[PDB]
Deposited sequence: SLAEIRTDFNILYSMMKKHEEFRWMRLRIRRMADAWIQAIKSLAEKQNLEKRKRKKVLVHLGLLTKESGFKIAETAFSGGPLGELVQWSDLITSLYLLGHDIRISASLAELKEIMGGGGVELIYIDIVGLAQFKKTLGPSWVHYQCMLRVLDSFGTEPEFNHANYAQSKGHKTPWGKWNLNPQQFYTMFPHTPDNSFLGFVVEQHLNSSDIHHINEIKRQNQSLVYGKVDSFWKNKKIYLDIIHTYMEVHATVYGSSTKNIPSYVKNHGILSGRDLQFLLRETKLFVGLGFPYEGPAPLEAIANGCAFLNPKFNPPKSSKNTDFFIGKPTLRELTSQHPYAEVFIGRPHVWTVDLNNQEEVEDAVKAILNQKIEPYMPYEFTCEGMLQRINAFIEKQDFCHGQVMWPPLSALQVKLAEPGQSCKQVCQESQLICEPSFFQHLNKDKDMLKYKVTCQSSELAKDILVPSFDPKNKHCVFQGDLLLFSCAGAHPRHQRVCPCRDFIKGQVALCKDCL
């Protein structure tokens, strides 16, 4: 009943069967096996992984069910991580498997997607709610508290089918750390590198466009022409939106793709798809990424793709994580409408020398560290973690969210600490003095009126929210530090 790390994948391979998607996952794991094994050994050497209880874990991929790319990568990496950490995983990709595993009892943790969660509620019936606190819900784009709370969402006039699960929003697991109301899960970036001679290996004038679908290339000719002034333009398109000068390789194997990326100086974003793995994979191969700037930023308010998504988060660019957490020289964020910004970026990139780069949180060891911490430390099944010693209170100005204020102090909003900031005497300890006070059910409180020292406190604890700016008042905001290149975990959270 204690967990032991695994260092061989044969059992994993036998458990991942009967779906095309798992065939693809098995191949990526085989490519990545040596990296994985080194990382689990390296982690266990640096950090105490003794005396962990072996958990029985349901992994339900609603995505692969009949009754129902980055999601499949994340699933694979989560499964791999759980297996290496020594947990007892029950993989389900059908209603029948879901029924049996749950019907068998002793499940202690449930990893599931949004489509799988509807299936869980239906299959289990009313008692699904008895397992609520064990759910970890892979949800790429994130769910904000305002949408997660079914009655509040309705009260706010939201007309989406999504959200309304009434979970602790930290139970939503996201693709990138864009939504501090949620937990960041992420994935691992594949890299097969060479890393010294990379500038010799690279064909200095070779660009590769990101975008397998012809429709994504609609209206990018001028942009591409600028790029083509300095660089060959290559593509992998499965073609009447593609300029005649494009060297279209079509569908390439993973191994042929890796070769092409090895030789590529610049991976070119068109604007869509949003926030995938592929720009990080190019950067991991020493490519620069030209990242379309979205001014105005894209959200449910102006973009069809985002209408109905249970979040008001806005995207500042095609890949905001790349833009903000990586930046130059690897990533050049440019407005496609500004021909001069594009041109200068391309010229700079041509004259740059860059090394393969991967943020630590997207390596094997990084992901193992993160998910191990969540498994060992995150518990929503009691009345904890992160430790209160990590709390640093900041005051957001009007029109500024708790998300924003923590960010600009080089911190991150930590929603589990809202509870510690929700009454007069607790405020005093953080240099915040309440003259007058009152309770409201709103995502925007706890709030502070600095004119007349008035404190408004949260009266529906499910509505605590990093997201959201007070139009008039200041917000009192819970922040925490993070381990560098590992934003999911405070310094004292291992």
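Compare what was deposited with what's modelled and send me the C-alpha-less stretches, numbered from 1. No coordinates exist for the deposited residues in 69-81, 207-209, 255-257, 403-404, so these stretches are absent from the model.
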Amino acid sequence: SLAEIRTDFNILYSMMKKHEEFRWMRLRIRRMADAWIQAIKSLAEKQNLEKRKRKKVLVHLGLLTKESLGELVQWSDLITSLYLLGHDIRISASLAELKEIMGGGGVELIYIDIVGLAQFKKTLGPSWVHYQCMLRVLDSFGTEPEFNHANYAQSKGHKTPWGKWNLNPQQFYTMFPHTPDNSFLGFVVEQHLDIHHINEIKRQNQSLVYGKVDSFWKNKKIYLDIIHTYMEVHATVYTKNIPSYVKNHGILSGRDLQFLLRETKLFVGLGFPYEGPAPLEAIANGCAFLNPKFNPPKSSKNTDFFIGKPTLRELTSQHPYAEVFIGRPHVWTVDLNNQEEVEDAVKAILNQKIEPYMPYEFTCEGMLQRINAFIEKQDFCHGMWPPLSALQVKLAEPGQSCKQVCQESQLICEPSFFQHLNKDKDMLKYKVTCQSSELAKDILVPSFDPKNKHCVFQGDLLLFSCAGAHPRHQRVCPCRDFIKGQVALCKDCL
From here on, numbers count along this sequence of modelled residues.
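If you superpose the two forms and keep the largest set of C-alpha atoms that fall within 1.5 Å, you have the rigid core.
Any chance you could tell me whether 171-179 or 349-357 drifts more in 4 other deposited structures of this protein, judged by RMS CA distance from this form after superposing on the core? Of the two stretches, the larger average C-alpha offset in 4 other deposited structures of this protein falls on 349-357.
Query - Comparing 118-126 and 249-257 where Cα RMS over structures and residues is taken in 4 other deposited structures of this protein (core fit), larger one - result: When 118-126 and 249-257 are compared in 4 other deposited structures of this protein, the bigger C-alpha shift is seen for 249-257.
How about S436: is it missing in a third or more of the other compared entries?
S436: modelled in every other compared entry.
Original post:
Would you say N48 is missing from a third or more of the other compared entries?
Top reply: Across the compared entries, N48 is modelled every time.
Check: Of 464-472 and 427-435, which one has the bigger average CA B-factor?
Finding: Higher mean C-alpha B-factor: 427-435.
If you average the CA temperature factors as listed in the entry, which stretch comes out higher, 418-426 or 342-350? Higher mean C-alpha B-factor: 418-426.
Requested in this report: Going by the CA temperature factor in the entry, name the top one among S92, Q170, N337, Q74.
Outcome: When the deposited C-alpha B-factors of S92, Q170, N337, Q74 are compared, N337 is largest.
Out of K56, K66, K46, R52, residue topping the C-alpha B-factor column of the entry:
Largest recorded C-alpha B-factor: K66.
* Asked: How does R26 rank on Cα B-factor within its chain, lowest, middle or highest third?
  -> Tercile = middle for this residue's CA B-factor.
Worksheet item: Can you tell me which third, lowest, middle or highest, the CA B-factor of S317 falls into for its chain?
Response: Lowest third of the chain for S317's C-alpha B-factor.
- Lowest, middle or highest third: where is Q407 by Cα B-factor in its chain? Answer is highest: the recorded C-alpha B-factor places it there.
inquiry  = When the deposited Cα B-factors of this chain's modelled residues are ordered and cut into thirds, is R203 in the lowest, the middle or the highest one?
reply    = CA B-factor rank for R203: highest third.
Quiz prompt | Ranked against its chain, the third holding the CA B-factor of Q392 | solution = Highest third, going by the recorded CA B-factors of the chain.
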